[PDB]
Every structure is written in structure tokens, then in C-alpha cells.
Amino acid sequence: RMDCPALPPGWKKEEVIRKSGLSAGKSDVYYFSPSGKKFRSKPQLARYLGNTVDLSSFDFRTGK
Amino acid sequence: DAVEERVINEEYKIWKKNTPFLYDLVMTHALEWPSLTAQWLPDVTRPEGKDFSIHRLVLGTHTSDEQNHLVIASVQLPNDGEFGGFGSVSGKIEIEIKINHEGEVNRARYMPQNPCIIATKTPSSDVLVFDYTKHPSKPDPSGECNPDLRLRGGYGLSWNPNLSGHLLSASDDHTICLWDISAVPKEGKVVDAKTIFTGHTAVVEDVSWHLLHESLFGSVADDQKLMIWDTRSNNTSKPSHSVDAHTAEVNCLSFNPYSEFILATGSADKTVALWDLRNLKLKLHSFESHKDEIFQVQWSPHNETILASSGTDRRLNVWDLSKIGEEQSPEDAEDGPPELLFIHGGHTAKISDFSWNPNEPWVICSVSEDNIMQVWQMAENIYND
Amino acid sequence: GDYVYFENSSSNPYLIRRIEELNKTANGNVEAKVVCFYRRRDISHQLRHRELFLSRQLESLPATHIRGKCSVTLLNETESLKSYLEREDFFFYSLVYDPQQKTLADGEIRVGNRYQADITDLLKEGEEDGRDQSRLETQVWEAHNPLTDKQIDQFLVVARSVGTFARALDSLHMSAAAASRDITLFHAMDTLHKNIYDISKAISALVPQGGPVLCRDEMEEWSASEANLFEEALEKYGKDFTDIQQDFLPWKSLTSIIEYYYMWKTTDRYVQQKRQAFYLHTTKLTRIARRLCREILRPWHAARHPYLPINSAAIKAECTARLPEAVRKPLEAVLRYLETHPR
């Protein structure tokens, strides 16, 4: 769980490698709120944050 | 605004002085926030050696700023020579439970089979179901809404009285949803719809289950239609019947509790239409007198021949249909038609919702957008000569 | 191939179309096959007023629909039109629009003290810039050397050989390639410059005390197990190199992990590609006061007149002065009355 400096304080990003199946070796990216709530996509994260951040130019995968 | 409010304010004072002659009971109580919903819970607890009885309501806020609440409030009605009879409320109307609600509550109704479980419509298409026995009485200053079941998918809401668990509703996509929570999964708080009935073209406003008939239900929408439905019918698109009900947006409907065939519908053309399910082509009666749009209509639990209706014009008209076409005086024509029994001028704003008391005859609770609720009983001599 | 103005049935501006085929039927009726020009709104600003898009929408309509002929020019021809020859009839196209899919060929500059730079004035012929060049740069290779390409080349071979012989003193081809990498070469070009391009002096530098020197880049320098760690951290955290360190190689400096990364990407074994409250109860005196004074009160009248003030004095006077002293009809009957006396 890495701090994501471009999100507000306490937000973290984690990348997880798939271990088996059709997409073995590909990864999934997750974000965690300061309380530890887990988010799995850009629109889910944007819905949660609302107007407190502008995510138009935010690259969900890299966190930049 | 300044002129019209002064005229309304003066008329409220004129009304207030008349209340001993027009009413047997009036209980005014200002809420913190206005409520778009109201319903008497069926149970009554009559305490030992008192001159009153505790009845309970289902209210709810609609503020779009602060944290909203699903409210259960308890009122204490009395047990049936100086003139008048005032005595400022003081601890008669009090809040028992507050439950933190996600967004505003447009309507909220109790399940007939289990009065502890309350469904609640939100401005979104889905419905939230709560159980006030589970949640604490006093909520914390949080506002972390904890609904027991979210039911995913106008202020349409109706539990089926015969079949436990079936809930109807309106939706923003011009359709009528149908859920079932009879055997919900343990690992599964969220629930999806059993059926989606298309039918209407414009937005569906109100829906209502039939009381004696398990399967069939009615609906009402902005496209001037009264569509009677049937759950057993395979085609969920064409309804069982369809009527050009009014000349404007129809806002509500309600079936008579003493007759399976009779129902009423209220509409934006300032009229409440009376119908019969044996012949829906013929409109039986159209109640005229309301100044503006009718948004709610309810039959009395005790008496088959009277019903009330509220709307956007500050008054709540009570109609006694046992005296339709009665020979009244020529001066009484300017008052209104004979079928209009009583006019309730207590509110100074749009009456959002009201509800008849099921246990105590002739008692109504009505709520308006000036954040006052009023429990009241019209005077004994008006409803029987 | 001509362009025409069709009826707009809503009252709005004419619909524009290109005539693909003009057809007359047997009864002498004339119909036209026409490719639609879409308006920018209808294509559901850089778009000019008279933009029209050539669609793949084809329709057929009678010739009576044609109200006028027009020109839909190329973009270049529209822009070339003179002010006088500007007309209602002239339109243009530069885009083909698929109507079915929606497909289409394939910010301000500020002025002020807080935007522009203060312009640095030209120095007087007597004034001096006052800039210490050693604080700004330090030279690493002079381009005009007493040495020739051959000698530098030769030295580079030597610098490579030492390196291989160095790593032989604690795989032959491997060590040679290792010693042939750029780091060793760069170090060889500095060794020259530091020693003032004296070959003989520079070679001493390479073998300080009879012992050779080793230059190893992060690629070669990392342990087998560090390399291993890296391939686990990458395959697990992708290219997130701060977390790759924090959790996998925390003893290494971020910038060494970067340098390693790029070098590793060329790896052989690496194959990623394929108001007023109140209460009311009403006393039992005022209850029967209404019944006794029914004629004065008029409850039937008063019920539908809440904002008329009732004579509260009169009934109270008459009730005290005159102190010493209903079936509803069923719903079956009223429904029968309503049909009997209908609308």
C-alpha cells in the first residue's frame, strides 16, 4: 500500500499481480481511502470524492 | 410574497379562533424540518389509569443540506361549563425514534404484516427498507445510513396487504418496479426487481396494491392514464385496463376499503375522479372545489362513504359522497357542492401528505411545507346531524 | 450531383441534400434520391454557421419538397468567397459523418507583472556580468587533445582489458562484455582527462599500485538475490519503484533501482515480447352549544368556510340564556344513484 501523493492525504494505491488463469501475470490496481475503504475503478473513485478533487487528467493505473 | 403571507397569516388567526366551533380536537406541533410523508402505525397502547392513549406516526425530513432522518413520533389522543377548550400541547407530540437516512425521504410506509419494518422512497429510483427495532432510538451526530435492505431499480410506494413482502414503486424511467423480500439471502443486503411493468409513457407518480385481490394493482402517471395491472399476466407491458382518467397529470390513487370495485384518483386538473373496476369507461363522479392540484387522496378506514384529499392549495377537503345531489339551499351553492363535507384551513402552505387514524374515528394527521404537522378531529355535529 | 434545399416541415431552416438520382415514375410524378447533409446540432465553436456534414444517410422524397438550389462548396472555396458573393445559398463541407455510428477525415495567454519576466538590461561596455564559472560547470573532456583517434581508441581497449583482468582476480566472454559496458568506457575517458591526456600517466591511474580497477554498473553490481527480489517486485507492483524499494529492496537507493530497471529491460533472459403551537380538546358545554345554537352557527356553512369569523358572542349568549332543555346510507345506494344520475 503506497501513498498516492496526487490524491488527498492518507490515500493509498496498491497493484496486485494475477497469479493464475486467463490473465495470469496481468495486474489490477486498487485505491484505499484514509479509513481503508477499497476502490477498484476511476468512476467509483470519482463518485466517492465528488468535487473535492478533479480527476479528469488522473491516470488510475499509475496514480499520476 | 409580503402581501400574500399577510393575507395567509390573518386567515390562520381567523381559523384559529373558529377551532372550538369547527373541531373537537386540534394538536399543532412545529417540526425541525418539513416532512413529505405521514402515516399512522396500526397499534395503540392505552396506559393504565389515564385519560389518553399513545398513538404513533411515521414522519421524515427532506432537508438537502443537513443529515436527514426517518422519524417515528408518538402523539397522545384523549378518551372522547366554561366554553372553548385550549391548553398548549407541551409533551403530547414527541419524537420516539430517529434513524439516519441516506438523502431526503419523499415517502415512507410500514409493512402491514410487520409494522416494525418501514420502506422508504428516496429521490433516486431505488427504495431503502429499515427496521426501527434494530437501530438505536437516538442517533449520533454521524449520518452513516444503515438500511437493512436496499431495493435497486414520482412518490409511488405500496406494500401488498395480502402477500407479505411484495413492494411496488415508481421510477424515473417511466416504469413500475416490483420487489420481493419474502426469502432474501443472508449474504445479500441489496435486492433487485422481480418485475418491471412498462405501460406508461410519462413519469409514473403513484402506485397502489388492491386490498382484497392478491395479484392486481393500479398505477397513475403524467400521461393522464389510470392503468390497472395484473402480476399473473405474462405480458409486462400492456396493462389489464387503461383509462384516459383526467385532462392533466394524474398524481395519486386510492382504493375503497369497503368495496373491491370502487377506487379514486386525484390529478393536476383540480379534480378527484371516482371510478368503478366493473366499468372504467364511465367516470362515476368528478369532485370539484379544490383551488389547485390534488397530490394525495385517502379513504376513511371506518366509514365507506367519505374520503379526504389534499394538494398544493393549503386546504384539505373532506368529501362525504353519501350526500351527492342532495337538495341544499341556493346560498349554500356559493359555499360548494353538498358532497363536500368539511374544509380544513389549518395549514398555511402546500399539504404534502396526510393520513387517517385507523383506531380513533375522524382523526387525521396532515403535514405541510411550512414544517408544521397537525393532528385534528373535525367537530361532532358536522359529520352527523 | 446538384445540392438542394428541401422542405423543413417544422417551420425551421431548409434541409440540405445532394441529388444522387432524379426519378420519374409512370404517372409522371417526380421523386428524388438524396444523400443528407447534416447540421452540426443534428449530428448527434469551431463549426462555422454554414457547416454541413456529408452523411451516409440516404432518403427518397418527391420533387415538390425541393424549394431551392444551392452550393455546398469545399472548405477552401468557402473561405475564398468574396464579401459581395456571400449568400444564404452558400454552404460548405469538410467532414463525412456516419449517422449510424456517430463517427467523423480523422488555453489563454496572460499579461502582467505576474506573467512576464523582468527583462535583463544589456551590460555597459565597462560593466562585467559577475559570474563564477567554477560554480556553474566542471569540465570532463577537452575536445582538442594532443591525442589521435587511434590512441584514444587504443586506450579504450586497454581500459577494457584491465577491467576484464580485474574481475578475473575476484564467464570469459561474460567478464569481457561486463568490462566493455559504457560505465567502464566513460571512466576511461575521465581517466584520460584527469591525467591531462598523458597516456603513460593515465595508464598508472588504471593500475594504481600494480592492481587493476573495477567499474560495475548497478546491473552487474547487484547480488543474485537482489536481482531476484527485483523480478518479484516488478511482476507484483509493476513499475512503481518507490513501493518496489519500500517493500522489496529498502536498502537500495531509489535512483539505483531506476538505473537498474532500464539496464534490466535489455536483459536476454528478459522476454516480455513475442409559528405558534397549541392544543384544543373542546369542553362538553361548547360541544352541545353548537347543537343548541345550530341556526346561528350553521355548521354546514361553517364547515366549508374556515376563514369566515364565526359569531362567537351570539351562540355563547343564546346557549347560556337557553340553558334549561345519524344514519349514513350505504355505498350500494350511492353507486346506484350515481349511475341513475350520470355525467
# chains A, B, ... in the order shown; residues from 1 in each chain; ligands from 1
$ select_by_dssp --residues "chain A" --states "alpha helix (DSSP H)" --output "list in words"
residues 42, 43, 44, 45, 46, 47, 48 and 49 of chain A
$ residues_around --residues "residue 153 in chain C" --least-positions-apart "6" --cutoff "12 Å" --atoms "only C-alpha atoms" --output "list in words"
residues 147, 159, 160, 185, 188, 189, 192 and 199 of chain C
$ interface_residues --of "chain A" --to "chain C" --cutoff "12 Å" --atoms "only C-alpha atoms" --output "MDAnalysis selection string"
chainID A and resid 1:5 12:19 24:30 61:64
$ interface_residues --of "chain B" --to "chain C" --cutoff "8 Å" --atoms "only C-alpha atoms" --output "ChimeraX atom specification"
/B:11-12,14-15,17-30,81-89,283-285,304-305,321-322,324,332,335-336,340-345,380-382,384-385
$ atom_distance --atom1 "CA of residue 244 in chain B" --atom2 "CA of residue 224 in chain B"
5.8 Å
$ atom_distance --atom1 "CA of residue 179 in chain B" --atom2 "CA of residue 38 in chain B"
22.6 Å
$ atom_distance --atom1 "CA of residue 313 in chain B" --atom2 "CA of residue 155 in chain B"
19.0 Å
$ residues_around --residues "residue 20 in chain C" --least-positions-apart "4" --cutoff "9 Å" --atoms "only C-alpha atoms" --output "list in words"
residues 1, 2, 32, 33, 34 and 35 of chain C
$ write_last_selection --atoms "N, CA and C atoms" --output "PDB file, in the first residue's frame"
ATOM      1  N   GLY C   1     -25.998  15.279 -58.756  1.00  0.00           N
ATOM      2  CA  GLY C   1     -24.801  15.875 -58.194  1.00  0.00           C
ATOM      3  C   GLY C   1     -25.017  17.264 -57.664  1.00  0.00           C
ATOM      4  N   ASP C   2     -26.154  17.899 -58.013  1.00  0.00           N
ATOM      5  CA  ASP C   2     -26.550  19.196 -57.511  1.00  0.00           C
ATOM      6  C   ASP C   2     -27.004  19.098 -56.058  1.00  0.00           C
ATOM      7  N   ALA C  32     -36.967  12.133 -55.945  1.00  0.00           N
ATOM      8  CA  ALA C  32     -35.531  12.247 -55.990  1.00  0.00           C
ATOM      9  C   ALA C  32     -34.897  11.449 -54.875  1.00  0.00           C
ATOM     10  N   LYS C  33     -33.775  10.789 -55.198  1.00  0.00           N
ATOM     11  CA  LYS C  33     -32.955  10.067 -54.261  1.00  0.00           C
ATOM     12  C   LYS C  33     -31.861  11.004 -53.831  1.00  0.00           C
ATOM     13  N   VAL C  34     -31.691  11.161 -52.511  1.00  0.00           N
ATOM     14  CA  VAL C  34     -30.880  12.218 -51.966  1.00  0.00           C
ATOM     15  C   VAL C  34     -30.089  11.815 -50.733  1.00  0.00           C
ATOM     16  N   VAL C  35     -28.785  12.143 -50.725  1.00  0.00           N
ATOM     17  CA  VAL C  35     -27.880  11.942 -49.603  1.00  0.00           C
ATOM     18  C   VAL C  35     -27.999  13.154 -48.707  1.00  0.00           C
TER      19      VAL C  35
END
$ closest_residue --among "B:91, B:115, B:301, B:311" --to "residue 266 in chain B" --atoms "only C-alpha atoms"
B:311
